[PDB]
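Chemist: One structure, as structure tokens, below. Some questions next.
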Amino acid sequence: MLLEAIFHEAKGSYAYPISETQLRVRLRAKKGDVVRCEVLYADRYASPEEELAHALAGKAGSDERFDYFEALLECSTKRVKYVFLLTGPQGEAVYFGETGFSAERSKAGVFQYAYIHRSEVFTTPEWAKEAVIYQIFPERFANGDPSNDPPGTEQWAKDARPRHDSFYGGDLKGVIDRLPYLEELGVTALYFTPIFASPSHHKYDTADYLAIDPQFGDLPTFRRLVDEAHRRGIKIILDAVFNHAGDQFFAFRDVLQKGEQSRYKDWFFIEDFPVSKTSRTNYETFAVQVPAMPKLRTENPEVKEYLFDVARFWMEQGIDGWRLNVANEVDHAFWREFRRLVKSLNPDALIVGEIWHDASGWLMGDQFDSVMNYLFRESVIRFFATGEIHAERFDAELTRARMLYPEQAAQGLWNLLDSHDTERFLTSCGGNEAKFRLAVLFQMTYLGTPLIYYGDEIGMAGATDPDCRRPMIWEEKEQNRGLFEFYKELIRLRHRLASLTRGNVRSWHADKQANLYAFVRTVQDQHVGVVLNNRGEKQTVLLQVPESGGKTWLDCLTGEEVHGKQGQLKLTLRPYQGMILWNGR
Ligand SMILES: OC[C@H]1O[C@H](OC[C@H]2O[C@H](O[C@H]3[C@H](O)[C@@H](O)[C@@H](O[C@H]4[C@H](O)[C@@H](O)[C@@H](O[C@H]5[C@H](O)[C@@H](O)[C@@H](O)O[C@@H]5CO)O[C@@H]4CO[C@H]4O[C@H](CO)[C@@H](O)[C@H](O)[C@H]4O)O[C@@H]3CO)[C@H](O)[C@@H](O)[C@@H]2O)[C@H](O)[C@@H](O)[C@@H]1O
Ligand SMILES: [Ca+2]
């Protein structure tokens, strides 16, 4: 076996506790190199003559080039030292510990997870595990109050083509009026983009953190929205823009007026007063040269305190969590303290960071509960929309991404198809509803938390920002109701099958040729197999089905009963058809 490809570390995503006395450990090796991975462990202060505990690590998955082995160590002492025993296809074996590799156990040394502190057990809100989030971009969802529309508001139509500066009049009253629609859809939480006072249509350039934007409503209206959503089983998640403020933020206004004399100059990153010759801003902003968004010095204890007060204030209004804007650009300490603040105020308040790349550094348990899973989106785009990758590659990307973070984070990752910053998924699919639906079937059944971008459920399309922010289509005749019912059915199923919300995931079948992909969600004895025929042709496949897991399944989408013969299951799928096979347990 290639030792150069074997890896483990007693931290991060390769070793972390799932309870005060249980440690999950993982190990990767070149794919196919290891057939058996066992862990020999004991208390860190155990005498050398003491017997060692054994734990067999099962193969939790395989990506492009590695196999991932996973085991659970029972550590009643909460302190553990361990070594791996790896066996190859031909029986060759080697011990692997902190010191290195050796045929002699003691020479391999031992990895050590010093101590398991209860406070360090990554814990997320239970509800977040089985939730289906719906993203609402307020200026474009529903205009329930035409009297607060910004000046220049354009007419609400299906052929509307917005510009970066357009306004359509969407507001919070509109959201309230449409709660029956969201409730019928079955969503259990709403993620709102910024709703605080701001002169723009997107509101990411904050004028006042303590006020609902006038064109969206007021405090009383927001509170009514929170209460009405809650009674309909719908939670509220607000967008926290803590990386940067708007040029109209009171502290910045003071800087523009008093220059180096303002008491708030250190709340920002300023280079040379006068505060501005704007084309070449003399203060750091979000991205490049964006005068409206001066970056906040969150490292400044004063800035932090102010923002923490803002969070406290809104949480006092009954919200259920936060989506953190450009979260990877404010400091880690700020986030560790934020989590402590948030969880101390509401143990069930959800913290979701907005990071598009590998966010493992923020997902170890001391900061965010989850992140907007843009890498999940990349795989889905690649496999279902563009067809850049085949089923086996798709399987590998999914598995590799899943192994990047501890299971607690993976379990609640926000799996979106698109957002207000991308083109709509339908468009990515080139208008092919068949491709779109199979992707949605995957979104609704894969491991993680589904996030729906407003309008996708009724067939809206659009290029990226600002075209992805077209006013919501409310005319029934203009809505794709067939799609709407499809979403409704998938959402009801997700709520009915515990496997889909609290189960693990294992690849079932992956054939690069037929481009058919299948996985199994498991919890207890329940198994739900999802089969995806991502091809424009009718195909038949043979899936392996050991009788120990059942020999009869019910396709929950059609009611058809399928049966396995001698450990094999023959399925025939129409083009782009997906099946959700429940094993009746
Ligand atoms: O620039 C002139 C413009 O300035 C103001 O408006 C700016 C911008 O403000 C708003 O954008 C917000 C998003 O809506 C949020 O979701 C979020 O998105 C950021 C994200 O947090 C960043 O990490 C980054 O994303 C990168 C990603 O990190 C990277 O891995 C890779 O995937 O590329 C991503 C970019 O696609 O940028 C996101 C914003 O993207 C947009 O802005 C970029 C900067 O110019 C641009 O390159 C990109 O094409 C855009 O899609 O955080 C931002 C917070 O600002 C608002 O919704 C946007 O519509 C606005 O453009 C003024 O208000 C505006 O009048 C003026 O025209
Ligand atoms: Ca309005």
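We name chains A, B, ... following the order of the structure tokens; residues begin at 1 in each chain, and ligands are numbered from 1 as shown.
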Give one line per residue of chain A that approaches ligand 1 to at most 7 Å, naming the two atoms of the closest pair and their distance in Å to one decimal, counting only C-alpha atoms and all ligand atoms; sort by chain then ascending residue number and deliver it as a Markdown table.
Modeler:
| residue | atom | partner | partner_atom_place_in_ligand_line | distance |
| --- | --- | --- | --- | --- |
| A:164 | CA | ligand 1 | 67 (O) | 6.3 |
| A:165 | CA | ligand 1 | 65 (O) | 6.6 |
| A:200 | CA | ligand 1 | 63 (O) | 5.9 |
| A:202 | CA | ligand 1 | 57 (O) | 5.1 |
| A:204 | CA | ligand 1 | 10 (C) | 5.4 |
| A:205 | CA | ligand 1 | 63 (O) | 6.0 |
| A:286 | CA | ligand 1 | 55 (O) | 6.3 |
| A:287 | CA | ligand 1 | 44 (C) | 5.3 |
| A:288 | CA | ligand 1 | 45 (O) | 6.8 |
| A:290 | CA | ligand 1 | 4 (O) | 5.1 |
| A:292 | CA | ligand 1 | 62 (C) | 5.9 |
| A:293 | CA | ligand 1 | 5 (C) | 6.8 |
| A:325 | CA | ligand 1 | 52 (O) | 5.6 |
| A:326 | CA | ligand 1 | 21 (O) | 3.8 |
| A:354 | CA | ligand 1 | 21 (O) | 6.1 |
| A:355 | CA | ligand 1 | 23 (O) | 6.2 |
| A:356 | CA | ligand 1 | 30 (O) | 4.9 |
| A:357 | CA | ligand 1 | 30 (O) | 5.7 |
| A:420 | CA | ligand 1 | 14 (O) | 6.2 |
| A:421 | CA | ligand 1 | 51 (O) | 4.7 |
| A:422 | CA | ligand 1 | 51 (O) | 6.6 |
| A:465 | CA | ligand 1 | 51 (O) | 6.1 |
| A:466 | CA | ligand 1 | 59 (O) | 6.5 |
Chemist: How would the residues just chosen look if you wrote them out with C-alpha atoms as a CSV table (one decimal), in the first residue's frame?
Modeler:
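What ended up in part_34.csv:
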chain,number,residue,atom,x,y,z
A,164,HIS,CA,-28.8,47.0,-10.5
A,165,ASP,CA,-30.7,50.1,-9.4
A,200,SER,CA,-30.3,50.4,-2.0
A,202,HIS,CA,-30.4,44.9,-1.8
A,204,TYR,CA,-26.3,45.4,2.0
A,205,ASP,CA,-25.1,49.0,2.5
A,286,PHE,CA,-16.2,45.5,0.6
A,287,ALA,CA,-14.6,44.1,-2.5
A,288,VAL,CA,-12.9,46.8,-4.6
A,290,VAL,CA,-17.2,50.3,-3.2
A,292,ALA,CA,-21.2,52.7,-0.2
A,293,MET,CA,-19.7,49.9,1.8
A,325,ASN,CA,-22.7,38.1,5.2
A,326,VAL,CA,-19.1,37.8,4.0
A,354,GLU,CA,-21.8,32.9,4.1
A,355,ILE,CA,-18.6,31.4,2.8
A,356,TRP,CA,-18.2,30.1,-0.7
A,357,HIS,CA,-15.0,28.0,-0.3
A,420,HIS,CA,-29.5,36.3,-5.3
A,421,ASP,CA,-25.9,36.3,-6.4
A,422,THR,CA,-26.0,33.7,-9.1
A,465,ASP,CA,-27.6,39.5,-10.4
A,466,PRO,CA,-29.6,41.6,-11.1
Chemist: What residues of the protein or nucleic acid chains come within 9 Å of ligand 2 when you use only C-alpha atoms and all ligand atoms? Reply as a list in words.
Modeler: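 Residues satisfying the distance criterion: residues 139, 142, 143, 144, 145, 146, 147, 148, 149, 150, 168, 169, 170, 171, 172, 173, 174, 215, 216 and 217 of chain A.
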Chemist: Write out as a list in words each polymer residue whose atoms come within 9 Å of residue 381 of chain A, counting only C-alpha atoms; drop sequence neighbours fewer than 3 positions from it.
Modeler: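 Surrounding residues, per the criterion: residues 376, 377, 378, 384, 385, 386, 387, 388, 417, 425, 428, 429 and 439 of chain A.
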Chemist: For segment 19-28 of chain A, please output as a PyMOL selection string all residues within 6 Å (counting only C-alpha atoms; exclusion window: fewer than 6 positions along the same chain).
Modeler: chain A and resi 6-8+67-76+78+116+118+121
Chemist: Would you mind exporting the chosen residues as a PDB file, in the first residue's frame, restricted to N, CA and C atoms?
Modeler:
ATOM      1  N   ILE A   6      -1.719   7.781   2.931  1.00  0.00           N
ATOM      2  CA  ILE A   6      -2.458   7.533   4.163  1.00  0.00           C
ATOM      3  C   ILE A   6      -2.390   8.744   5.081  1.00  0.00           C
ATOM      4  N   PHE A   7      -3.540   9.146   5.613  1.00  0.00           N
ATOM      5  CA  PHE A   7      -3.571  10.306   6.486  1.00  0.00           C
ATOM      6  C   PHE A   7      -4.592  10.300   7.614  1.00  0.00           C
ATOM      7  N   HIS A   8      -4.177  10.889   8.733  1.00  0.00           N
ATOM      8  CA  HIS A   8      -5.011  11.080   9.912  1.00  0.00           C
ATOM      9  C   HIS A   8      -4.373  12.108  10.835  1.00  0.00           C
ATOM     10  N   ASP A  67     -10.107   6.299  -0.092  1.00  0.00           N
ATOM     11  CA  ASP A  67     -11.140   5.561   0.620  1.00  0.00           C
ATOM     12  C   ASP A  67     -11.133   6.277   1.962  1.00  0.00           C
ATOM     13  N   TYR A  68     -12.300   6.437   2.568  1.00  0.00           N
ATOM     14  CA  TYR A  68     -12.369   7.076   3.868  1.00  0.00           C
ATOM     15  C   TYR A  68     -12.914   6.063   4.862  1.00  0.00           C
ATOM     16  N   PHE A  69     -12.126   5.773   5.891  1.00  0.00           N
ATOM     17  CA  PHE A  69     -12.533   4.831   6.922  1.00  0.00           C
ATOM     18  C   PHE A  69     -12.981   5.610   8.156  1.00  0.00           C
ATOM     19  N   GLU A  70     -14.053   5.142   8.781  1.00  0.00           N
ATOM     20  CA  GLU A  70     -14.604   5.821   9.942  1.00  0.00           C
ATOM     21  C   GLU A  70     -14.888   4.855  11.082  1.00  0.00           C
ATOM     22  N   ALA A  71     -14.540   5.258  12.294  1.00  0.00           N
ATOM     23  CA  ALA A  71     -14.774   4.411  13.455  1.00  0.00           C
ATOM     24  C   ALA A  71     -15.225   5.254  14.630  1.00  0.00           C
ATOM     25  N   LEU A  72     -15.830   4.595  15.608  1.00  0.00           N
ATOM     26  CA  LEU A  72     -16.299   5.275  16.795  1.00  0.00           C
ATOM     27  C   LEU A  72     -15.581   4.667  17.995  1.00  0.00           C
ATOM     28  N   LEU A  73     -14.900   5.508  18.761  1.00  0.00           N
ATOM     29  CA  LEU A  73     -14.179   5.047  19.935  1.00  0.00           C
ATOM     30  C   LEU A  73     -14.970   5.358  21.202  1.00  0.00           C
ATOM     31  N   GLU A  74     -15.209   4.328  22.010  1.00  0.00           N
ATOM     32  CA  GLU A  74     -15.930   4.471  23.273  1.00  0.00           C
ATOM     33  C   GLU A  74     -14.904   4.868  24.330  1.00  0.00           C
ATOM     34  N   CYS A  75     -14.920   6.129  24.744  1.00  0.00           N
ATOM     35  CA  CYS A  75     -13.945   6.611  25.715  1.00  0.00           C
ATOM     36  C   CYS A  75     -14.549   7.037  27.046  1.00  0.00           C
ATOM     37  N   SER A  76     -14.860   6.058  27.888  1.00  0.00           N
ATOM     38  CA  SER A  76     -15.450   6.342  29.188  1.00  0.00           C
ATOM     39  C   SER A  76     -14.553   7.245  30.034  1.00  0.00           C
ATOM     40  N   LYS A  78     -12.764   9.564  28.782  1.00  0.00           N
ATOM     41  CA  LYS A  78     -12.758  10.843  28.077  1.00  0.00           C
ATOM     42  C   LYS A  78     -11.347  11.224  27.617  1.00  0.00           C
ATOM     43  N   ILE A 116     -11.821  14.985  26.240  1.00  0.00           N
ATOM     44  CA  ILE A 116     -13.083  15.360  25.608  1.00  0.00           C
ATOM     45  C   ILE A 116     -13.880  16.220  26.580  1.00  0.00           C
ATOM     46  N   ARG A 118     -17.156  18.428  27.467  1.00  0.00           N
ATOM     47  CA  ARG A 118     -18.553  18.510  27.052  1.00  0.00           C
ATOM     48  C   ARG A 118     -18.800  19.765  26.225  1.00  0.00           C
ATOM     49  N   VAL A 121     -18.216  19.559  22.418  1.00  0.00           N
ATOM     50  CA  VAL A 121     -18.966  18.643  21.577  1.00  0.00           C
ATOM     51  C   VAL A 121     -19.802  19.546  20.672  1.00  0.00           C
TER      52      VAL A 121
END
Chemist: Find the residues near segment 477-491 of chain A: any atom within 7 Å, counting only C-alpha atoms, skip ones fewer than 5 places away on the same chain, and give them as a PDB file with C-alpha atoms, in the first residue's frame.
Modeler:
ATOM      1  CA  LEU A 185     -45.404  24.835   0.189  1.00  0.00           C
ATOM      2  CA  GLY A 186     -44.298  23.315   3.473  1.00  0.00           C
ATOM      3  CA  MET A 444     -34.611  17.367  -1.278  1.00  0.00           C
ATOM      4  CA  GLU A 457     -40.650  26.383  -7.085  1.00  0.00           C
ATOM      5  CA  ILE A 458     -42.926  27.956  -9.705  1.00  0.00           C
ATOM      6  CA  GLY A 459     -40.464  27.972 -12.610  1.00  0.00           C
TER       7      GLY A 459
END
Chemist: Residues near residue 111 of chain A, anyone? I mean within 6 Å using only C-alpha atoms, not counting same-chain ones fewer than 5 positions away, as an MDAnalysis selection string.
Modeler: chainID A and resid 81:82 97:98
Chemist: Can you tell me which residues surround residue 362 of chain A at a distance of at most 10 Å, considering only C-alpha atoms, apart from same-chain residues fewer than 4 positions away, and format the answer as number ranges by chain?
Modeler: A: 327-328, 332, 335-336, 353, 355, 358, 366-371, 405, 409
Chemist: Taking the DSSP secondary structure from the backbone, can you list the residues of segment 443-572 of chain A that are strand (DSSP E or B), as number ranges by chain?
Modeler: A: 449-453, 504-511, 516-523, 526-533, 539-544, 552-555, 561-563, 565, 568-572
Chemist: Measuring between only C-alpha atoms, which one of A:36, A:31, A:521, A:585 shows the shortest distance to residue 552 of chain A?
Modeler: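 Closest to residue 552 of chain A, using only C-alpha atoms: A:585.
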Chemist: Give me, as JSON lines, each residue of segment 85-180 of chain A that comes within 10 Å of segment 220-241 of chain A, together with its shortest interatomic pair and the distance in Å at one decimal, counting only C-alpha atoms, with rows ordered by chain and rising residue number.
Modeler:
{"residue": "A:127", "atom": "CA", "partner": "A:235", "partner_atom": "CA", "distance": 9.7}
{"residue": "A:128", "atom": "CA", "partner": "A:235", "partner_atom": "CA", "distance": 9.9}
{"residue": "A:131", "atom": "CA", "partner": "A:235", "partner_atom": "CA", "distance": 9.3}
{"residue": "A:132", "atom": "CA", "partner": "A:234", "partner_atom": "CA", "distance": 9.7}
{"residue": "A:133", "atom": "CA", "partner": "A:235", "partner_atom": "CA", "distance": 8.8}
{"residue": "A:134", "atom": "CA", "partner": "A:234", "partner_atom": "CA", "distance": 9.8}
{"residue": "A:135", "atom": "CA", "partner": "A:237", "partner_atom": "CA", "distance": 9.4}
{"residue": "A:172", "atom": "CA", "partner": "A:222", "partner_atom": "CA", "distance": 6.9}
{"residue": "A:173", "atom": "CA", "partner": "A:221", "partner_atom": "CA", "distance": 6.9}
{"residue": "A:174", "atom": "CA", "partner": "A:225", "partner_atom": "CA", "distance": 9.7}
{"residue": "A:175", "atom": "CA", "partner": "A:225", "partner_atom": "CA", "distance": 7.6}
{"residue": "A:176", "atom": "CA", "partner": "A:225", "partner_atom": "CA", "distance": 5.7}
{"residue": "A:177", "atom": "CA", "partner": "A:225", "partner_atom": "CA", "distance": 9.4}
{"residue": "A:179", "atom": "CA", "partner": "A:229", "partner_atom": "CA", "distance": 6.7}
{"residue": "A:180", "atom": "CA", "partner": "A:232", "partner_atom": "CA", "distance": 8.2}
Chemist: Residues as selected, C-alpha atoms, written as a tab-separated table (two decimals), in the first residue's frame, can you do that?
Modeler:
chain	number	residue	atom	x	y	z
A	127	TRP	CA	-34.90	21.79	14.28
A	128	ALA	CA	-32.28	22.92	11.76
A	131	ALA	CA	-35.86	22.13	8.16
A	132	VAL	CA	-36.50	23.27	4.59
A	133	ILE	CA	-35.44	26.91	4.23
A	134	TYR	CA	-36.97	29.38	1.76
A	135	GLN	CA	-34.89	32.41	0.76
A	172	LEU	CA	-42.73	42.70	4.71
A	173	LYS	CA	-46.50	43.13	4.54
A	174	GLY	CA	-46.28	41.25	1.26
A	175	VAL	CA	-44.48	38.41	3.01
A	176	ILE	CA	-47.22	38.29	5.65
A	177	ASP	CA	-49.96	38.17	3.01
A	179	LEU	CA	-47.58	33.16	4.47
A	180	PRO	CA	-50.46	30.88	3.42
Chemist: How many Å separate atom CA of residue 83 of chain A from atom CA of residue 42 of chain A?
Modeler: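 Straight-line distance from atom CA of residue 83 of chain A to atom CA of residue 42 of chain A works out to 9.6 Å.
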Chemist: Could you please write out, as a ChimeraX atom specification, every residue of segment 317-408 of chain A that DSSP assigns to alpha helix (DSSP H)?
Modeler: /A:332-345,374-380,391-402,407-408
Chemist: Could you tell me which of A:516, A:342, A:310, A:255 comes closest to residue 283 of chain A if we count only C-alpha atoms?
Modeler: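 Smallest separation from residue 283 of chain A among the options: A:255.
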Chemist: So the first atom is atom CA of residue 534 of chain A and the second is atom CA of residue 424 of chain A; what is the distance between them in Å, to one decimal place?
Modeler: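 We find that atom CA of residue 534 of chain A and atom CA of residue 424 of chain A lie 19.6 Å from each other.
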